[PDB]
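Computed from the coordinates by the stated procedures, all read-outs in this text should not be read as laboratory data. No Cβ is skipped: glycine too gets one built from the backbone with ideal geometry, and neighbour counts run over all protein chains shown.
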Amino acid sequence: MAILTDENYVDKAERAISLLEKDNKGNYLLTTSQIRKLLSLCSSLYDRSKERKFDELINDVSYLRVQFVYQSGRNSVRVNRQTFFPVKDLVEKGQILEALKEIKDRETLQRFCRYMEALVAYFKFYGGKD
Amino acid sequence: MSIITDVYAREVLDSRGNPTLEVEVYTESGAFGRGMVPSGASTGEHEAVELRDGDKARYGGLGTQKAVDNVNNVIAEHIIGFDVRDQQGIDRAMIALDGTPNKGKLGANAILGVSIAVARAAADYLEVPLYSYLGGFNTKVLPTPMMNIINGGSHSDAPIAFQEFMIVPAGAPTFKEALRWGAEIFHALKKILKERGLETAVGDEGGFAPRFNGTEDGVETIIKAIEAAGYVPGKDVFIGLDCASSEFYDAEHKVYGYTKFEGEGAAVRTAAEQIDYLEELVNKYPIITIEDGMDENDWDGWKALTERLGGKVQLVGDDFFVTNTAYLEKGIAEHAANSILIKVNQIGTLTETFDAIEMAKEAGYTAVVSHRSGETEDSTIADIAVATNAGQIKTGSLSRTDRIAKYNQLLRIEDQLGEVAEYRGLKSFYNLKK
Amino acid sequence: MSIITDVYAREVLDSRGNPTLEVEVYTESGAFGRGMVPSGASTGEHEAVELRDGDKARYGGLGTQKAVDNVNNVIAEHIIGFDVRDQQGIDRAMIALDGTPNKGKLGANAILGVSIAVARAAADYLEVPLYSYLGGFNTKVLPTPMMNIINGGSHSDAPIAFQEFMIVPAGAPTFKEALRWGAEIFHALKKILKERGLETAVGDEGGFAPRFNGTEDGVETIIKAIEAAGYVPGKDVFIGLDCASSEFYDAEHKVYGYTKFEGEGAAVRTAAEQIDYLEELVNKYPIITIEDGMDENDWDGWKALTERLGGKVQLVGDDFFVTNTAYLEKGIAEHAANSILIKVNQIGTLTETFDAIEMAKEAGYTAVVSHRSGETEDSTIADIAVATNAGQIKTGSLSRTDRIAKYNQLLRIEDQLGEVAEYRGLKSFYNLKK
Amino acid sequence: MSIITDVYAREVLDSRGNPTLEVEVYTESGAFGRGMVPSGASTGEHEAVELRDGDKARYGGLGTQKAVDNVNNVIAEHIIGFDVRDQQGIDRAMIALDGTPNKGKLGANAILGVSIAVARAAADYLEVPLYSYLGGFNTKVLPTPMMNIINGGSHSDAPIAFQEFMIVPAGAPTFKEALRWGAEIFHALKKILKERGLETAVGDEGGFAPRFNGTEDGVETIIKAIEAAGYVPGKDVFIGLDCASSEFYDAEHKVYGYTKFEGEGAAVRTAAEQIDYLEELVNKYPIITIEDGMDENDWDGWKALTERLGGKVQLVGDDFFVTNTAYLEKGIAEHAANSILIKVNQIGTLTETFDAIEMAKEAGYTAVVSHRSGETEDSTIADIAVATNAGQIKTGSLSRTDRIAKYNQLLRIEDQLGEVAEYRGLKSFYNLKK
Amino acid sequence: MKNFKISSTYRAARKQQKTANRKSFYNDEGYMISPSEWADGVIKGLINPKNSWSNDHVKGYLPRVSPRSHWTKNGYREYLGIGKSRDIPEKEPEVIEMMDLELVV
């Protein structure tokens, strides 16, 4: 049983980012600067999955996972004496780590990178800031 | 040295067992002041409102922890660092910090407690009496008291529409003698009621609430008590009324319905019928004061009452004005009433209280410093009355310490003043001719 | 610096309209103390007497100008020059200057006023709280209050022979919570009496005196009010009684005639039947206190009552001991009662009050600091109860500032004590087993 | 100016030459207080333990550098900034800082030294005597001394099982006369021992430890010396015993074996036989106090002894209660003993010492403030005894200034109190009857 | 801050220049706000009342702070930080050889 399939990842990203925490004014707490490194690493992993075999990209996925955990744990936004952690909220509401656990070949890796594409696309669609 | 270093509120109990708050102010040199707030009303359209908790679990929703928190966390940060003698600056800073006309955010009780505590701490620092600090060097007039002696209306089961009946010992030479006369009349009335078989226990202000036949019977028994004490009604001791006609006024019919308190068969009186009813009461009995004889919204009736009886009888607007500068200005413009009842927590600040007193005095009106139904051991209103040279006070009966505290403070003020102290009596009713 | 410079007395009014006196003490550095005297009794076989004028033309013979002159012209010339911290020396000097066992030459009211004023001035000079000055550094125990809630006997027209009823919130965690519980039960009882059509006006102590059917009716209504407020009788709030059996005791027939208050059908009991009635009341209701259960001169009855009920209920001697060291020692010798009602003006000075408290504590008795019928805005008995760590106070109901002032002072003392403040509740009844 | 700014500690010597620590406290204005700690025990299941170095090369492992370092580096940073008059707050903060029921981390000796230094600095700051600061304005009772005259048990080689014998001059008019009587009886007994050829050198507590024949011979010699000085035994001077029955109690056989100290043909007595022997001794001699007459864990024997001799003989529990609040609760509940020996270093805090004293007083027990085997020139226990009005002290014999210091402090206190000072004498045994 | 205390000259300057009568208030982002909105935010919990206001400005370059004193073991007064200031000379420095360096006059 996989959480990401070719028939649901775009709608999954839709629902995942429509549930992200918002300020009292309605703006998203997440910004593109907080996830810029993760997006760059996902883009590079997608680029390198086309040429090289999956066994060569065994350290890149692990680096991507440790980057996801580090960024989710370190990014904090404080408004109105309340501190939220938008990257961790995005990771748990998008099931990023669980999807990363189901990466075992080129197909699943490319599906995950397309899922991240969809996540940031729809984040920008609903008023996400740079 | 005089810089405020600590402002701290705590929740205490008022005279009815309901919560209120007290504020303590400490300055740098160790001067200390404590202000206790009387219990007012938390809801009001054009009056200052007190902040209540509303938590039904604690004190029936009447806790004052929110106002205490507002003092400790909001007012304390702003006020600490001010000079303790900067009463007007502190009061204006609190008014600006609240930001609302009705003082509903901070709570009027919070602001009043801080104001009184600051004034008392400044008087302590200067080592001067509180009336000297508040009113300057020319503070000498001892107020004439309106001693509430009989209760009716919504405070009694008796068929009497009028809320309060009072004795005014305006014929006494000194305030000490006036207090003695009032105590003796109070005890003579107690004996008369015990002989008559009526209820003797006291109410909120210390006055009796017997089962009389009506208003006339209550005034006659008050006069009998005065004569039993050995004083001449109309020369030594006079009668005042607090009708509180807003309680039994039908707004939609524009008629003062006396049937609310005097049974189904009571006479139902319109505006002019109320006017000449009050005139008949004034002619029959030695009445010097009538308070709230018209509804708070019957401006034409108030103007007709002032035209008819304003030259010889003091007409006090309690609910008519509600210690509001705008309403008092309007009443002065339209020649409505000739006296205002001043309640400190209805406006919530000492500066605004003194502004209202000064505005009333400038128009020929008399300002009557008044007590609330739920009082404390704090007797600042006595110092306010002496400081303003108002010449009239209304602080209750001769029974409970919530009322006796102000009389004791006035006795202390008279003793301190010595030969300078003046009790004017009838001359303190300067709003009346002759 | 601490040398007493000025001692001045004046006449003020108590919480009944009757005169009393207050004394002000000034030292050389500007330390100020004020002591007001509660009104007591000028007639007593072995209790200290207060000095009244007896002039029927002034206050009905209750003026206190004689005691004021005694302070101003006799005590002041003797005490001025003493160190303000010499409380024991000043009190001994005043007792010697009186030279009379019941303090009739100078008046016990004058001596008590000077004692309280000197103690408060000494506390003001040392910049310590009054309880710290009086009791030392280890003052932490907030008293358990017996809040009077229902009256009878000579204070009511109801057929209840017992003088008054109290609620004891001994299950509360803090004194703040105990005060809130007492206030909520008071308001619940007020609502219940309103539903039943009974009277709502308060008496001298602040408590209701409705027209109940009998003692059991009043106790059951108290239990109903406790349960309506949301508290468990016998675990959170207990019931105490002041029978004041000296009122309805027939000295010649050696019987307790309830017919004086409960009508012609009341039961005339002997000492044994009275003890049986008290025991069955204790077994029927959650009663933890009985005050003046027997007559002040029925020593055999007191001994039998202590043998029967003294293990599980507190037996307080109010008229039995009249705050007397000789009587208290005699009672300790014969195992009569297990508590004494400490009235500060029944003995005369603070030194003698503290001697009586410490003798009772050493004998295993509990000392209950008590109010008088005529109280003031002075709240020194709260500081006495905290300073001695007595653990019990009887300062009236929740309806008048003469009583609420002591509760507010106890709230202030608890606030300053902070984390070291102790409310023991049931553990304050150390005269009982388990 | 009352804020604690400096806390220093240093290692000094006690009366036996073993190390102890002393603490000094300086406030901002310069108020100074020094506290010296008596030598206690670092072992015990339910007692506060002192902290020792354990370095066998230095003082045989009895150094106190660890506790001094704890005061200088741990306690001082926590306590600096407190008000010096916040004794309860400081003591609670230090108890929390230790975090251990027996104060084993910081050391009970360190905590007691800081407590005493803080109390003395606060008394210096307020410019009041130490007993006035500790016990308030009502501090007048000069304690009755039970002073050691003859030793035995483990402090002597004579065949006497009982540890200590004391004289109690309870018939003296003043404390000065009682001290003179004790010193004269001490010198007369010295003369009698010199005539008999026995030894004259004094032990740790200052009393003689001669080679007598038994308990009866020792008490007979004490009575002979009392009569030689010129005082009536049983009227002017009484005898007291410190059996220390734990030292010759066999736990396995549940028997009191006198063979440990009294030889080989010594009687072996059960609990009932021990009670009979003590009752026979009390009937034979004017013995008024017996201390540790039973084992520290023999609760049934203690209860039976209090049943038999508790009405006429004061029974003190030293090892029985170990001045522990919980053991005192259990003893009061179980009717075991009627007096507690109060040692301030077995608790480690003045606040808890005073708590134990008033708790014992509330039960009808007497608190006897006691010294330790290794004392200092500090005489705070005398001020404690006067402050609590305990009326009993046990501070040693008349031959070393580790005891004469406390006796001189009591002489100074009696001189300062003047006419107020009271020596109750035989009345100070309020735990007895008649 | 225990080694030093507020100077009396600065306290007098602040007292009778009335700088505490002209406080400025800030929200949680450190932006100036009116006292009404500051009170409203503090009541609502959106502003910490402690670190959100300023006591104007005192003119004249006065020293704000003076050394605090304590009592030594013999009862003499001493500055708190004078005697525990340092114990070792921190070793140091390092003499870097840079003879080849064109200096500028």
Next on the checklist: Of all residues being within 30 Å of residue B:133 (Cα to Cα), away from chain E (no Cβ under 11 Å) and not aliphatic (A, V, I, L, M) in region B:55-86, which is surrounded by the most Cβ atoms within 10 Å (Cβ to Cβ)? Just the residue, please.
Outcome noted: B:64
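Does residue C:43 satisfy being free of Cβ contacts under 8 Å to residues at least 40 places away in the same chain and among the β-branched types (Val, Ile, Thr)? Break it down stepwise before answering.
Details: free of Cβ contacts under 8 Å to residues at least 40 places away in the same chain: yes; among the β-branched types (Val, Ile, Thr): yes.
Taking the combined requirement at face value, the residue satisfies it.
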Checklist entry - From the set of residues in region C:251-288 that are in contact with a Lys or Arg (Cβ under 9 Å, 6 or more places away or on another chain) and touching a residue at least 40 places away in the same chain (Cβ under 8 Å), which is surrounded by the fewest Cβ atoms within 10 Å (Cβ to Cβ)? => result C:266
Next on the checklist: Checking residue D:83 against (1) of a type in the set (D, E, K, R); (2) under 23 Å from residue C:415 (Cα atoms); (3) under 26 Å from the mean Cα position of the chain (by Cα): exactly one of these is not met. Which one?
Outcome noted: (3)
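Name the residue that is farthest from residue E:9 (Cα to Cα), counting only residues in region B:12-30 that are over 23 Å from the mean Cα position of the chain (by Cα) and in a strand (DSSP E or B). So that I can check it myself, show each step before the final result.
As a first pass, look at region B:12-30 and keep what is over 23 Å from the mean Cα position of the chain (by Cα): B:24-30.
From what is left, the residues that are in a strand (DSSP E or B) are B:24-27.
Values: B:24: 28, B:25: 25, B:26: 22, B:27: 18 Å.
For region B:12-30, the residue satisfying everything is B:24.
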Item to check | Criterion: crowded, with 16+ Cβ neighbours inside 10 Å, under 26 Å from residue D:128 (Cα atoms) and of a type outside the set (A, V, I, L, M, F, W, C) - qualifying residue of D:40, D:89 | outcome: D:89
Item to check | Number of positions in region B:4-37 that are crowded, with 20+ Cβ neighbours inside 10 Å, free of Cβ contacts under 8 Å to residues at least 60 places away in the same chain and small (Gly, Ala, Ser) | outcome: 1
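Return the only residue of D:108, D:117 being aliphatic (A, V, I, L, M) and closer than 15 Å to residue D:24 by Cβ. First the steps, then the outcome.
On the way: D:108 fails: closer than 15 Å to residue D:24 by Cβ.
Within the list D:108, D:117, the selection yields D:117.
Name the residues in region A:49-103 that are among the basic types (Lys, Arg) and in contact with a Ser or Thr (Cβ under 9 Å, 6 or more places away or on another chain), would you? Break it down into steps so the answer makes sense when it comes.
Start the filter on region A:49-103 by keeping residues that are among the basic types (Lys, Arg), which leaves A:50, A:52-53, A:65, A:74, A:78, A:81, A:88, A:93, A:101.
Listed by number, the list holds a single entry, A:88.
Check B:172, B:161 and return the single one that is under 18 Å from residue B:219 (Cβ atoms), among the hydrophobic types (A, V, I, L, M, F, W, C) and assigned to a loop (DSSP other than H, G, I, E, B). Even if it seems obvious, please write down each step before you answer.
Working: B:172 fails: under 18 Å from residue B:219 (Cβ atoms).
Exactly one residue qualifies, and that residue is B:161.
Could you tell me which of the residues C:376, C:380, C:353 is within 14 Å of chain B (Cβ to nearest Cβ), among the β-branched types (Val, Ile, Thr) and out of contact with any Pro (no Cβ under 9 Å at 6 or more places or on another chain)?
Going through C:376, C:380, C:353 in turn, the sole match is C:380.
Restricting to region C:299-352, and then to whatever is among the polar types (S, T, N, Q) and in a strand (DSSP E or B), can you tell me which residue is nearest to residue C:278 (Cα to Cα)?
The first filter runs over region C:299-352 and keeps only residues among the polar types (S, T, N, Q), leaving C:306, C:314, C:323-325, C:338-339, C:345-346, C:349, C:351.
Now drop any that are not in a strand (DSSP E or B), which leaves C:314, C:339.
Details: C:314: 12, C:339: 17 Å.
Per the criteria, the residue is C:314.
Just one of B:385, B:356 is in contact with a strand residue (DSSP E or B) (Cβ under 9 Å, 6 or more places away or on another chain), closer than 29 Å to residue B:233 by Cβ and in a helix (DSSP H, G or I); which is it?
Details: B:356 fails: closer than 29 Å to residue B:233 by Cβ.
Going through B:385, B:356 in turn, just one is in contact with a strand residue (DSSP E or B) (Cβ under 9 Å, 6 or more places away or on another chain), closer than 29 Å to residue B:233 by Cβ and in a helix (DSSP H, G or I): B:385.
Looking at the structure I just gave you, is residue C:430 touching an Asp or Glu at 6+ places or on another chain (Cβ under 8 Å), within 30 Å of residue C:303 (Cα to Cα) and among the aromatic types (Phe, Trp, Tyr)? Show your work before the answer.
Values: touching an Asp or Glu at 6+ places or on another chain (Cβ under 8 Å): yes; within 30 Å of residue C:303 (Cα to Cα): yes; among the aromatic types (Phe, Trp, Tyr): yes.
Spelling it out, residue C:430 is indeed touching an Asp or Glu at 6+ places or on another chain (Cβ under 8 Å), within 30 Å of residue C:303 (Cα to Cα) and among the aromatic types (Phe, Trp, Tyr).
If you scan region D:52-68, which residues turn out to be under 30 Å from residue D:2 (Cα atoms) and either touching a residue at least 60 places away in the same chain (Cβ under 8 Å) or in a loop (DSSP other than H, G, I, E, B) (or both)? Even if it seems obvious, please write down each step before you answer.
In the first step, residues of region D:52-68 are kept if they are under 30 Å from residue D:2 (Cα atoms); the result is D:64-68.
Matches in region D:52-68: D:64 only.
Would you check which residues across region B:219-244 are in a loop (DSSP other than H, G, I, E, B) and of a type in the set (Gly, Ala, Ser) and list them?
Initially, region B:219-244 is screened for residues in a loop (DSSP other than H, G, I, E, B), giving B:230-232, B:234-236, B:243-244.
Correct list: B:230, B:234, B:244.
If I filter region B:150-166 for residues that are within 14 Å of chain C (Cβ to nearest Cβ), of a type in the set (A, V, I, L, M), touching a residue at least 40 places away in the same chain (Cβ under 8 Å) and under 22 Å from residue B:313 (Cα atoms), do I get at least one hit? Steps first, answer last, please.
At the first step, the residues of region B:150-166 found to be within 14 Å of chain C (Cβ to nearest Cβ) are B:150-152, B:154-158.
Restricting the remaining residues to those that are of a type in the set (A, V, I, L, M) gives B:150, B:158.
Now drop any that are not touching a residue at least 40 places away in the same chain (Cβ under 8 Å), which leaves B:150, B:158.
From what's left, under 22 Å from residue B:313 (Cα atoms): B:150.
Yes, region B:150-166 has at least one match.
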Checklist outcome for this item: Considering residues that are in contact (Cβ under 8 Å) with a residue 40 or more places away in the chain, out of contact with any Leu (no Cβ under 9 Å at 6 or more places or on another chain) and part of a helix (DSSP H, G or I), the number found within region D:186-218 is 3
Item to check | Breaking point among (1) surrounded by 24 or more Cβ atoms within 10 Å (Cβ to Cβ); (2) part of a loop (DSSP other than H, G, I, E, B), for residue B:1 | outcome: (1)
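What do you reckon, is residue C:311 touching a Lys or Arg at 6+ places or on another chain (Cβ under 6 Å), within 30 Å of residue D:311 (Cβ to Cβ) and in contact (Cβ under 8 Å) with a residue 40 or more places away in the chain? Spell out how you get there, then give the answer.
Details: touching a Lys or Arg at 6+ places or on another chain (Cβ under 6 Å): yes; within 30 Å of residue D:311 (Cβ to Cβ): yes; in contact (Cβ under 8 Å) with a residue 40 or more places away in the chain: yes.
It is true that residue C:311 is touching a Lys or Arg at 6+ places or on another chain (Cβ under 6 Å), within 30 Å of residue D:311 (Cβ to Cβ) and in contact (Cβ under 8 Å) with a residue 40 or more places away in the chain.
Here is a list: B:116, B:111. Which entry is more than 25 Å from residue E:19 (Cβ to Cβ), part of a helix (DSSP H, G or I) and in contact with a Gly (Cβ under 7 Å, 6 or more places away or on another chain)?
Numbers: B:111 fails: more than 25 Å from residue E:19 (Cβ to Cβ).
On inspection, the qualifying residue turns out to be B:116.
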Item to check | Wholly within region A:1-77, helices (runs of 4 or more DSSP H) carrying at least 1 residues that are loosely packed, with under 14 Cβ neighbours inside 10 Å and at positive phi | outcome: none
Checklist outcome for this item: Filtering region B:73-125 down to residues that are touching a strand residue (DSSP E or B) at 6+ places or on another chain (Cβ under 9 Å) and within 19 Å of residue B:40 (Cα to Cα) yields B:107, B:109, B:110, B:112, B:113, B:114, B:115, B:116, B:117
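Collect the residues in region B:392-434 that are within 14 Å of chain C (Cβ to nearest Cβ) and outside any helix (DSSP H, G or I), keeping them in residue-number order. Explain how you work it out, then say what you get.
Within region B:392-434, the first condition is being within 14 Å of chain C (Cβ to nearest Cβ), and the residues that meet it are B:395-418, B:421.
Correct list: B:395, B:396, B:397, B:398, B:399, B:400, B:421.
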Checklist outcome for this item: Residue hits (region B:38-54; more than 12 Å from every other protein chain (Cβ to nearest Cβ), under 19 Å from the mean Cα position of the chain (by Cα) and not polar (S, T, N, Q)) are B:40, B:41, B:44, B:46, B:47, B:48, B:49, B:50
Checklist entry - Given the residues A:107, A:117, which is the only one that is exposed (fewer than 14 other Cβ atoms within 10 Å of the Cβ), part of a helix (DSSP H, G or I) and of a type outside the set (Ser, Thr, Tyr)? => result A:107
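Condition check ((1) buried (at least 20 other Cβ atoms within 10 Å of the Cβ); (2) touching an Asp or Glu at 6+ places or on another chain (Cβ under 6 Å); (3) among the acidic types (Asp, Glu); (4) within 26 Å of residue B:12 (Cβ to Cβ)) across all residues:
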| position | (1), (2), (3), (4) |
| --- | --- |
| C:181 | yes, no, no, yes |
| C:195 | no, no, yes, no |
| C:210 | yes, yes, no, no |
| C:227 | no, no, yes, no |
Item to check | Residues that are farther than 25 Å from residue C:234 by Cα, part of a helix (DSSP H, G or I) and touching a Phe, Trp or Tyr at 6+ places or on another chain (Cβ under 7 Å), drawn from region C:254-284 | outcome: C:260, C:261
